[PDB]
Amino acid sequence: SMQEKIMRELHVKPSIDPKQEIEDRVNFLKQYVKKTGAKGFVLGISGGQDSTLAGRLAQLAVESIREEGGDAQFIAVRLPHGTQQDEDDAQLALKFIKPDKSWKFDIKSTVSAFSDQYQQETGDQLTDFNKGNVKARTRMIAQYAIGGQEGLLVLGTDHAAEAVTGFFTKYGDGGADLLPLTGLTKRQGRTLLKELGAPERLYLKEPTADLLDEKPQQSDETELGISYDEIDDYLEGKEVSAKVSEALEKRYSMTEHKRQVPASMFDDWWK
């Protein structure tokens, strides 16, 4: 069964124990830190559900490590491109996460320098969509710069509901060192945030990439054409309409390249 295969590959559990999931994921963060001797984590905080959840998990892991006598820190970073329309949500997220450190890095001048150079070098102007991907990749650079400067690992917010659609920028937000949210569907992530006591605003808002200058705050569902609820039912193994299966299985096959290391002639997944 395709549904069954996609579920196993994305590590989705049809039924979770919220409390245990948090314990498991915080323990994963701690184990990884100890194994690598890293000093902690850095994660861009957007004000959206995913980074809010990953952020809180990283803070809990770091506090748990210190409590045991270890040394670890967590730097949450605001990465606006100029003014962020929902900056207030990002600030709310920070108030909830309570990170050790809250930094900010405005990516606008870097993206502008890039775009200008692009037009200068090719005579062409970057399309809104392509510039959006430059923004996502510039955020990865900003996080790795901070991680490299301070000796921290970069957390990624990828989870099953976005992995299934390849709904992330290759080497942009998809570029991270570890993924604490792997296998969680969108509603399961929301369940974890409720368990953690997060303000409802953070999980009630519409998921957005917010990468376009022409259409800022464009909802994921708008670009995708499927709702997160249909995506989650599928991932959780619920019998869904053939229209959902067909759309998702098609999207999954086309984005396999985003879930694998660069392709070589010795790889079969692409044939």
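Numbers follow the displayed sequence, beginning with 1.
Chemist: If you take the mean CA temperature factor per stretch, which one wins between 182 to 190 and 80 to 88?
Modeler: According to the entry, 80 to 88 carries the higher average C-alpha B-factor.
Chemist: Of the two stretches 159 to 167 and 68 to 76, which shows the higher Cα B-factor on average in the entry?
Modeler: Looking at the recorded C-alpha B-factors, 68 to 76 comes out higher on average.
Chemist: In terms of recorded Cα temperature factor, pick the maximum from 217, 27, 59, 46.
Modeler: Answer for 217, 27, 59, 46: 217, with the highest C-alpha B-factor.
Chemist: From 50, 236, 206, 63, pick the one with the largest CA B-factor in the entry?
Modeler: Highest CA B-factor of the listed options: 206.
Chemist: Would you check the entry's CA temperature factor for residue 18 and let me know if it's in the chain's lowest, middle or highest third?
Modeler: CA B-factor rank for residue 18: middle third.
Chemist: Going by the CA temperature factor in the PDB record, which third of the chain does residue 37 belong to: lowest, middle or highest?
Modeler: Its C-alpha B-factor, which the entry lists for residue 37, ranks in the highest third among residues of this chain.
Chemist: Within this chain's modelled residues, let me know which third the CA B factor of residue 201 belongs to: lowest, middle or highest.
Modeler: Tercile = highest for this residue's CA B-factor.
Chemist: In terms of the CA temperature factor given in the entry, to which third of its chain does residue 119 belong: lowest, middle or highest?
Modeler: Highest third, going by the recorded CA B-factors of the chain.
Chemist: Lowest, middle or highest third of the chain for the C-alpha temperature factor of residue 125?
Modeler: Within its chain, residue 125 is a highest-third residue by C-alpha B-factor, going by the deposited values.
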